[PDB]
Every structure is written in structure tokens, then in C-alpha cells.
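So the structure is just underneath, and the comments pick up after that.
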Amino acid sequence: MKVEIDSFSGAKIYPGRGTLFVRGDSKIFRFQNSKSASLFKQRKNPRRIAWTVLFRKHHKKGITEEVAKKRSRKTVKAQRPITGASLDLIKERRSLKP
Amino acid sequence: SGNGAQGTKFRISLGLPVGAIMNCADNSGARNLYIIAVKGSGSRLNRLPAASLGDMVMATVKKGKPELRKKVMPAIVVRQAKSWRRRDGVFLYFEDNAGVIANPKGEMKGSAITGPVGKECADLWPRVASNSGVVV
Amino acid sequence: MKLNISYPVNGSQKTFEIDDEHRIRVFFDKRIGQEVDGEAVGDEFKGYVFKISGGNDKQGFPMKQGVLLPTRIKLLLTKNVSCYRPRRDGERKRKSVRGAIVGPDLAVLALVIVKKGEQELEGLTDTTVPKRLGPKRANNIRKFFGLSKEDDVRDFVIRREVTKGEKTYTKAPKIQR
Amino acid sequence: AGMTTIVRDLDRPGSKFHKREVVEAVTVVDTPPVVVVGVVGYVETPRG
Amino acid sequence: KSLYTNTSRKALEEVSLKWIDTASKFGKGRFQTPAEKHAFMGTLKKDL
RNA sequence: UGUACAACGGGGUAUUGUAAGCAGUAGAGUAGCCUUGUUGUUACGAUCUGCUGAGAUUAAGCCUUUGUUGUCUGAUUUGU
RNA sequence: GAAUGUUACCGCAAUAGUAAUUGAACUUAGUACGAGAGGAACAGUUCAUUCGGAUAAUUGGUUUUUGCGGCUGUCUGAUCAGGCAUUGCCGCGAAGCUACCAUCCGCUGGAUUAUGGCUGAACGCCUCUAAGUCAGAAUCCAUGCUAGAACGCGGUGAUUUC
RNA sequence: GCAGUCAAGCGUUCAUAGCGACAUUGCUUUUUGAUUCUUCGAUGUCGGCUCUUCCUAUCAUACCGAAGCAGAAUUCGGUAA
RNA sequence: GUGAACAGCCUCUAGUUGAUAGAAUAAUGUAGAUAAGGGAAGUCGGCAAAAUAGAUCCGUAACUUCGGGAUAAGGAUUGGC
Ligand SMILES: [Mg+2]
Ligand SMILES: [Mg+2]
Ligand SMILES: [Mg+2]
Ligand SMILES: [Mg+2]
Ligand SMILES: [Mg+2]
Ligand SMILES: [Mg+2]
Ligand SMILES: [Mg+2]
Ligand SMILES: [Mg+2]
Ligand SMILES: [Mg+2]
Ligand SMILES: [Mg+2]
Ligand SMILES: [Mg+2]
Ligand SMILES: [Mg+2]
Ligand SMILES: [Mg+2]
Ligand SMILES: [Mg+2]
Ligand SMILES: [Mg+2]
Ligand SMILES: [Mg+2]
Ligand SMILES: [Mg+2]
Ligand SMILES: [Mg+2]
Ligand SMILES: [Mg+2]
Ligand SMILES: [Mg+2]
Ligand SMILES: [Mg+2]
Ligand SMILES: [Mg+2]
Ligand SMILES: [Mg+2]
Ligand SMILES: [Mg+2]
Ligand SMILES: [Mg+2]
Ligand SMILES: [Mg+2]
Ligand SMILES: [Mg+2]
Ligand SMILES: [Mg+2]
Ligand SMILES: [Mg+2]
Ligand SMILES: [Mg+2]
Ligand SMILES: [Mg+2]
Ligand SMILES: [Mg+2]
Ligand SMILES: [Mg+2]
Ligand SMILES: [Mg+2]
Ligand SMILES: [Mg+2]
Ligand SMILES: [Mg+2]
Ligand SMILES: [Mg+2]
Ligand SMILES: [Mg+2]
Ligand SMILES: [Mg+2]
Ligand SMILES: [Mg+2]
Ligand SMILES: [Mg+2]
Ligand SMILES: [Mg+2]
Ligand SMILES: [Mg+2]
Ligand SMILES: [Mg+2]
């Protein structure tokens, strides 16, 4: 049960909702509703239609706290040593100096 | 339908009543197909016998190689444009109505098929299945 | 589907398999790189944070970092990039590829482990494998052992022992630079 | 009350749409329980 | 109830709903829950 | 005289597609006063931008409601 | 809709109407039959035609929601907000209505006809028939379904005082 | 226009599977004629559109009998509107 | 005022606001509109209706009584500042 989005508008298309348009180049276009699907036919540019998903993304609107990071590092640091030389002789004999 | 067509067909919104003229989509020489009938269609005083995906019609060629003109022949609807709806609730429709010339037993006439083709059509017609590049 | 889980700190990797799609659904709509808590994947994995690295869909096609979508696209690929080993000079080729965002069409899901949970996963946290090779260039030996350019390499290098049946031998690298 | 859509897998060994999702229409009737408040009895008569 | 017993098969099939549409029906509904609506367009002038 | 009912007001829902006001170093450019420029300056310029998915309408046969106000005995008729 | 005391609620059913239709694919089965060429059917399955009764989750149509946005003239000094052009024009447009252009649903018992039979005389034999009798059709009667006799009916509640 | 009876003949053989001469018996009233009873102080005069209903001398659909019915297809017939 | 304009459409002067009224918005109409996919299959017939439409620029056939045909046909383009 997929939930495609409107290739124009941008909102989700729960099953059986809206229309689907197969163009000559065999590219598929789904529309939540008549509105976008018309505004699609009307040669309208998604980046010009203010409420569209593509408009807000291109015009930097309402992102706020995605406009910051998160937390995704870790830890490692061990000694699997060089292979074929007794991997124990590489932790011990690694006595260093400085 | 009737002969050569392996399978059933769930009902799809008829989009091509007789006299409709649709883009031909094979290398037959034919550019268009003009519907004179529909195989399988029923009778009701003043109903035009109409066509949909996977239907076998009877058609002629209006514009094409002269050896296809002035004679009737089978043909198979492959593109609708009249928005039909499937049992997964999808209201989908191609950009143009279109079909390919074929034989009684239901085999192609040309090498390949130019453009998309409905699943509904391919699933029904083994020979179409081959040539049809993209499907649905 | 299938999860190819890799432990980077220990060089481990096992291919676990999960049915029960409600379990899988944790991964859906998650981009390549997004982390995942383990308890949602199972209980054996509880705690274990998972970083999402790669994977494959039906028909085998590969994913590709930074493409979004949960579908296939046909890209023009160059040198120095994923899913394409060029054959000829400045050869570009147009090949299909799977989107980065996880969906129920994936045959395998390449995961890595970021953190450990409250259970030693069998062929993973328990078992270890050796970095198959060792330092070879000068100051790379020196900085693998931390020596201060004094301690003279020559013997501060690893030496692999290989038995000639009844003549066990000693072969080292070759210190360049 | 009204109606709505439903999705379900189809079990119908034979159909080209077997074991596949089908969106379907349904109607919701409001049914808060009924209270019993009497009992009436009926007889057979050769005229009803 | 039914005045006969339908062997039908077409009826007999125990069905199991996957999903039930709860988007508004007072027009072109988009979001199921008021949560889902929030988890999409986010925070507004009233709102937060 | 109450789980009342109504007029509004509130919240949900829904349509349109970003209100007026103000600001800006946006803007093809342009006027005038010199103190004739090492952003001279004050204006003025279709359109743009920000507050602003803003404003506006939303039961007239949508949903809802601890708020506000108000309303709750006129008429006629009937008998084995 | 007056009148069979008033008023109310729950029901019975005379009579009347009545409804479903046709095809194909799979499978049977490359089977039975045939030297071959050829080449079925009953059971089961999936769909379809014509017909009919609904219904508006979805999709489409409809637009005086004159609901929001835009445009043209002109008029209110400009601004804001507006007026006029038989709804000025335009894109979108909820609600409602609505479309095999959308979706849903369309029951099973009996009795018979033709016909094939059992038993069986008349006629020491014979015969489905004369007595008797079995099986049987898109028919018929029911079942179901729609009306409910405003002069067909039952059950039940309440029955007034200036 | 439709349906009979006799059965010489056709059907290799074989009158009546399916047909039928010479004759002869009928039915029908969607043909056309014959009539001129009714309306000339007016019954609006073709066809199509549309909608209903009825007839059966049944094209298809249900179940049957028959064949010059091996199968397939077809034909003749019964109950059937 | 817009515009080629005494055209249409809005306004100034002047003159009107005269034509039974109230309440609703069933069928069917008179007048005004729109429709998915098809495209005259409708019908005696495209009846009706839809399509076209200004101007600047490009481009233009047969045939001709050389005056035409001819806005032939076919294209582009058009606000604001
Ligand atoms: Mg709509
Ligand atoms: Mg007709
Ligand atoms: Mg020609
Ligand atoms: Mg904005
Ligand atoms: Mg009303
Ligand atoms: Mg309040
Ligand atoms: Mg008295
Ligand atoms: Mg009295
Ligand atoms: Mg029928
Ligand atoms: Mg076979
Ligand atoms: Mg033989
Ligand atoms: Mg209807
Ligand atoms: Mg609608
Ligand atoms: Mg307006
Ligand atoms: Mg406009
Ligand atoms: Mg201003
Ligand atoms: Mg005025
Ligand atoms: Mg006027
Ligand atoms: Mg129907
Ligand atoms: Mg019934
Ligand atoms: Mg008898
Ligand atoms: Mg009565
Ligand atoms: Mg006759
Ligand atoms: Mg003879
Ligand atoms: Mg014989
Ligand atoms: Mg006469
Ligand atoms: Mg007279
Ligand atoms: Mg008269
Ligand atoms: Mg008369
Ligand atoms: Mg009769
Ligand atoms: Mg014989
Ligand atoms: Mg008058
Ligand atoms: Mg009036
Ligand atoms: Mg419109
Ligand atoms: Mg149309
Ligand atoms: Mg339209
Ligand atoms: Mg034509
Ligand atoms: Mg015609
Ligand atoms: Mg004529
Ligand atoms: Mg004619
Ligand atoms: Mg005309
Ligand atoms: Mg039009
Ligand atoms: Mg002319
Ligand atoms: Mg310009």
C-alpha cells in the first residue's frame, strides 16, 4: 500500500485518490485532485505556485529546526592487528616511545 | 476478444465508439485506425458499440500505406485517454487513444509498438506483450 | 527482507533475515545514513543503534547516496562515483539505480553498527577478524606505532609467517619512502 | 451516517486480481444497542 | 439477517481490512489524523 | 426550565493561494538641491521581497461547543 | 381526504403488480468419436452482455457559495474598499444534484408440459395407459419483492369536568 | 401468404431420413382485387422518431423426439411468446 | 472616456425609476449557459449549436473577361512599466 505524492502539488495520495496521467514519453503523473491536475495541464510551474511543496523548498520556507544538526557519531579504536604475524605480537610489541 | 485472446477482462470505461479515429502504433505503414465495430459488443436500440483497452475492433486505415486503405481488418486498442478505473482504485488515463492492427487469431502485424501500452492489453494479448516496450 | 549487518570496530558481518513486515516498517521512509534504534527491529538487537549504509532491491539494482525517492532512476554516471566502474577513458554510461530511501522492494538492506546493545550478537560482537594487512610506507609505520623519527623502522614493521610445509618462512613488506 | 473507502487483500483463487490490494467502498451505520421493552405473540389462522 | 444461506464463495471469503480512509469527506481530504496534518505542514500562525 | 432551543462568539473541517499596513541595499530606471561626491542626498519608479500557507469565506441541507444573549402556556377541536 | 366514539403506537394480508437476461475464456481436453482431417459435453472457476433497484467513499460533469484569486472598460480626486457592463470575462472552486463516464446489490422451494419411463391389463402375447405410477422445461404456483382494500382485519397505549 | 390428404417419383439401394408430380381438401386477412354498408354542415392524408401492449405461422434462448445423427456442424419435429 | 468610429460598454447635463403584489423554487416549459471520452455514428439535410473574428508583420493556389480570385489558404505576434 504505497502513498505517492502529487508531481506538482506535493501532498500524499492515499489509495484510490485523485487521478493518474501517462504522458507520451511514458512518464507517469499523479495528482491528489483536479486542482493540481488542471494547474498541471495549464502549463503552470510548481515553483511559482506558492502552496506547492516545490515552492517552499526553493524559497526556503518553514524549515526552522531541520535548519540545525542532531547526533550521529560513535566510538571504535581497537587492534585487529596485521594478518599473518600472530595478532597478539602487534598489541604487545607496539610499546612505542613518545 | 472471443478468439485468440487468452484471459478474461474486467470492465474498463468504454472510450471509443464507432467512427472514432485513433493513432496507429505499429510499423505497418498505418498512421490511424478508424473504428467500424467492436468484437463482442451487445445490442440496444441506438447504442454506439464502443471500445476500451484490450478490445478487438474492426477498423480501416484513413491515412497510411495504400495497401491498407480501402479494406477492413482487426485492430487492438492499446491506449485509452478516456479515464477508466482499475480494481486498485486508480483513475488513470493515457495521453491519446491508440491501437495496433492485428489478425483474427490475434497476432500483430508490425515489428514493434511505438509508445506505452496498458497492462490490461498486454495481459490479454500474448503477441502484444512482446513488442510493447513500456507497459502501463 | 534481508539485513546485511556489519560491525566496523571488529570487522564483523552477518546477514540476518526478518519477516513480519511490521518489524521492517521501522526502516521505511528512512534515508541512507539515518540511524535506527534496535528494539524496533527485534529484541536481540535492543539498544544497538544502526546506521543505514546501502543495499539492494529486486532485480538486484543498487542504491546510491543522495538520490532521495523510493524508486529507480536512470542516471548518467562518470568516474569516481557509486555503482559504476568505468571501462574506457572518460567513459560515461547511462545505467539504472535504486533510490536512497528504504521501501518494501528491497532484497537486502546494508546496515552498520554504531552502538552496542544488551546482547552480544552471535557472529558479530563475539567474533573478531584481523586487518588483513599492515603499514608499508615509512612514517605510516612510524605513525601506526608512534615512535618519533628516531627509533629506526627496519624491524618496527610487521612480519608475516608462512609455512612452506616443512620450511616455515618469514616475509615482510617493503618500506618505501 | 455516510460512507468511506477501504483497502484489503483479495482472496479469490482464480481472479487476475487475486492476492492483490483492492480499494473498496463501504457504508457505516450507527448502531448503539437496542432496548427490549415488550413481547408480542402471533397465531396461525386460516385467514392469516 | 439472510433468508437463505449463500454458498456463493464470493460471500464466504473472510475479509481483513488493511486500512480505512479517515480523511475529511467535506471536500478533497488529504490527511487522516490531525497529527498527520501537523507532521506535514508543521507549525502555523495560530498553532505554535 | 434542560443532554433544552435559538441568535452570536470560539475550536475542528473545508476553499482560495499569500490580506491590508509597514519595511527593505531588491527593481529596467529617474527627477531636483548643491556642499559637484573617494554608497552626495532627498524624494519618485511596473514588479520583487519580508512579517505571511498569510488574508478572506466556511452551512445557508458540514462537525463541534462549560463562552455571551435571549426565549419557554397564543388558537381551535374531539365522547364509547 | 369527511364518515363507521376520540387519539396514538405496533402489526396481519385479500387482491394486484413482479424480473432478470445472454455470451465468452480457463478447465474438462487435444479428451470421448474418427484411419485422418478434424473434434464435443455435464461438474468446477474467472469474467462479460442486455435489463433492473439503488447509492455519491472515490473519479468526472455541473457553478449565484457570485467562496477565493486574476483581467478589461468606465465612475467614486488619489489611497483602501467598491459600483455599473440582462450573472462583464477568466483559473480554481466546497455542498448538493448527478454518470456503465462513478460504485454497490439483484432469492429458492414446489407443481407440471413435451418427452423418456415403472407396473399393467383390455387382447392367455404385447404395449408408458385404460386403473395406478417415476423422472422431467427459459412454463406455472409458491418463496421473495412493491403496494395495502381510503366501506378487509388483529394486537396495544391513553382517554378531558367550569 | 401459409397448411394438408393420395404417393407416381427424387433421394446410388430404398415412395414417406429429408423431399414430392398429376390431382384434390383447407386456413389466414400484414397482398391485391371485387363490393360500395359507414362518414362529403369534414374521423387530419405517407414515412420516420418515440412508447406501450398484444398475436405466433418461433429467428435466438430452456428441455426434448428424429435423421441418409461416427465426432463437429446441420437439418425435421414436439412443449414453448 | 475607451476605441477607426454617431458601434458596443461606463459616466456629465436633463429626464426617469412608469409596467398588480406577496410566498415558494415540483413536473413541463420560454429565454440564458457548461459538460468527461468520442466526433455528425444523430437527421431528409449539420436543423440547431460550436468554431472563426481586431490590428502589425510574414506568407498565399487553380483559374481569369488581366479589372480579379484574395482577409484565398497558412503562420507569428499583442499587457504593464
Ligand atoms: Mg470536481
Ligand atoms: Mg436510431
Ligand atoms: Mg485521398
Ligand atoms: Mg508568503
Ligand atoms: Mg431547499
Ligand atoms: Mg467565547
Ligand atoms: Mg352528547
Ligand atoms: Mg359522532
Ligand atoms: Mg434480454
Ligand atoms: Mg488444450
Ligand atoms: Mg471414417
Ligand atoms: Mg439511476
Ligand atoms: Mg463533485
Ligand atoms: Mg471576482
Ligand atoms: Mg486573467
Ligand atoms: Mg499603496
Ligand atoms: Mg450607476
Ligand atoms: Mg445597456
Ligand atoms: Mg446499469
Ligand atoms: Mg429478490
Ligand atoms: Mg392418462
Ligand atoms: Mg386500510
Ligand atoms: Mg399469411
Ligand atoms: Mg425408386
Ligand atoms: Mg429408405
Ligand atoms: Mg370504401
Ligand atoms: Mg361529423
Ligand atoms: Mg375534427
Ligand atoms: Mg380524432
Ligand atoms: Mg394466449
Ligand atoms: Mg440409410
Ligand atoms: Mg403587463
Ligand atoms: Mg410574482
Ligand atoms: Mg468551467
Ligand atoms: Mg463532449
Ligand atoms: Mg472541463
Ligand atoms: Mg467525416
Ligand atoms: Mg448518416
Ligand atoms: Mg434530400
Ligand atoms: Mg437520405
Ligand atoms: Mg446554422
Ligand atoms: Mg468551448
Ligand atoms: Mg468571397
Ligand atoms: Mg512586450
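Pick out the one residue from C:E39, C:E35, C:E44 that is surrounded by fewer than 17 Cβ atoms within 10 Å (Cβ to Cβ), closer than 19 Å to C:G103 by Cβ and out of contact with any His (no Cβ under 6 Å at 6 or more places or on another chain).
That would be C:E35, the only listed residue that is surrounded by fewer than 17 Cβ atoms within 10 Å (Cβ to Cβ), closer than 19 Å to C:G103 by Cβ and out of contact with any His (no Cβ under 6 Å at 6 or more places or on another chain).
Cβ-Cβ contacts under 8 Å between residues 6 or more apart (or on different chains), taken from a first residue in region B:91-103 that is at the interface with chain A (Cβ under 10 Å from one of its Cβ atoms) and more than 16 Å from RNA strand F (Cβ to nearest atom) to a second residue that is in a loop (DSSP other than H, G, I, E, B) and basic (K, R), are listed as B:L92/B:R86; B:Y93/B:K82; B:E95/A:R23. Does region C:164-171 contain at least one residue that is closer than 30 Å to C:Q13 by Cα and not acidic (D, E)? Scanning region C:164-171 turns up at least one residue that is closer than 30 Å to C:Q13 by Cα and not acidic (D, E).
If you check A:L20, A:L87, A:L96, A:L54 for being under 24 Å from the mean Cα position of the chain (by Cα) and either free of Cβ contacts under 8 Å to residues at least 24 places away in the same chain or within 14 Å of chain B (Cβ to nearest Cβ) (or both), only one passes: A:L20.
Between C:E166, C:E161, C:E150, C:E122, the distinction of being touching a residue at least 24 places away in the same chain (Cβ under 8 Å), among the acidic types (D, E) and surrounded by fewer than 16 Cβ atoms within 10 Å (Cβ to Cβ) belongs to C:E122 only.
Would you mind stating whether C:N56 is in contact (Cβ under 8 Å) with a residue 40 or more places away in the chain and part of a strand (DSSP E or B)?
For C:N56, the condition - in contact (Cβ under 8 Å) with a residue 40 or more places away in the chain and part of a strand (DSSP E or B) - is met.
Condition check ((1) buried (at least 20 other Cβ atoms within 10 Å of the Cβ); (2) over 26 Å from A:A37 (Cβ atoms)) across all residues:
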| site | (1), (2) |
| --- | --- |
| B:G4 | no, yes |
| B:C24 | yes, yes |
| B:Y34 | no, yes |
| B:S43 | no, yes |
| B:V100 | yes, yes |
| B:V117 | yes, no |
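Say whether the condition of being loosely packed, with under 11 Cβ neighbours inside 10 Å and free of Cβ contacts under 8 Å to residues at least 12 places away in the same chain is met by at least one residue in region D:9-17. Within region D:9-17 (the criterion being loosely packed, with under 11 Cβ neighbours inside 10 Å and free of Cβ contacts under 8 Å to residues at least 12 places away in the same chain), the answer is yes, since at least one residue qualifies.
Answer yes if at least one residue in region B:24-39 is away from chain A (no Cβ under 14 Å), near RNA strand I (Cβ under 9 Å from one of its atoms), among the hydrophobic types (A, V, I, L, M, F, W, C) and farther than 20 Å from B:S111 by Cβ, and no otherwise. Yes. Taking the stated definitions as given, is B:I101 within 13 Å of the chain's Cα centre (by Cα) and within 11 Å of RNA strand I (Cβ to nearest atom)? Answer is no for this residue.
Residues that are of a type in the set (G, A, S) and either within 22 Å of D:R8 (Cα to Cα) or within 8 Å of another protein chain (Cβ to nearest Cβ) (or both) were ranked within region E:6-48; the one that is farthest from RNA strand G (Cβ to nearest atom) is E:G42. In region C:137-147, the qualifying residues are those that are of a type in the set (D, E, K, R) and in contact with a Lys or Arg (Cβ under 7 Å, 6 or more places away or on another chain), and the one that is surrounded by the most Cβ atoms within 10 Å (Cβ to Cβ) is C:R142.
Is at least one residue of region B:10-21 surrounded by 14 or more Cβ atoms within 10 Å (Cβ to Cβ) and either of a type in the set (K, R) or under 21 Å from B:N131 (Cα atoms) (or both)? No, the conditions are met nowhere in region B:10-21.
Set side by side, the residues A:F40, A:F8 differ, and just one is assigned to a helix (DSSP H, G or I), within 14 Å of RNA strand G (Cβ to nearest atom) and touching a strand residue (DSSP E or B) at 6+ places or on another chain (Cβ under 8 Å), which is A:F40.
Enumerate the pairs (first residue in region A:26-48 and on the phi < 0 side of the Ramachandran plot; second residue anywhere and surrounded by fewer than 18 Cβ atoms within 10 Å (Cβ to Cβ) and part of a helix (DSSP H, G or I)) with beta-carbon separation below 6 Å, excluding pairs fewer than 6 apart on the same chain, so at least 6 apart or on different chains. Correct list of pairs: A:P46/A:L54; A:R47/A:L54; A:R47/A:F55; A:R47/A:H58. Here A:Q42 fulfils each of the conditions (1) exposed (fewer than 11 other Cβ atoms within 10 Å of the Cβ); (2) farther than 30 Å from C:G134 by Cβ; (3) touching a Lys or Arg at 6+ places or on another chain (Cβ under 9 Å) apart from (3).
The set of residues in region D:14-36 being assigned to a loop (DSSP other than H, G, I, E, B) and within 9 Å of another protein chain (Cβ to nearest Cβ) consists of D:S15, D:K16, D:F17, D:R20.
Cβ sites come from the backbone with ideal geometry, for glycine too, and all protein chains shown count toward neighbours. Read-outs throughout are calculated quantities, based only on the coordinates presented, and are distinct from any laboratory measurement.
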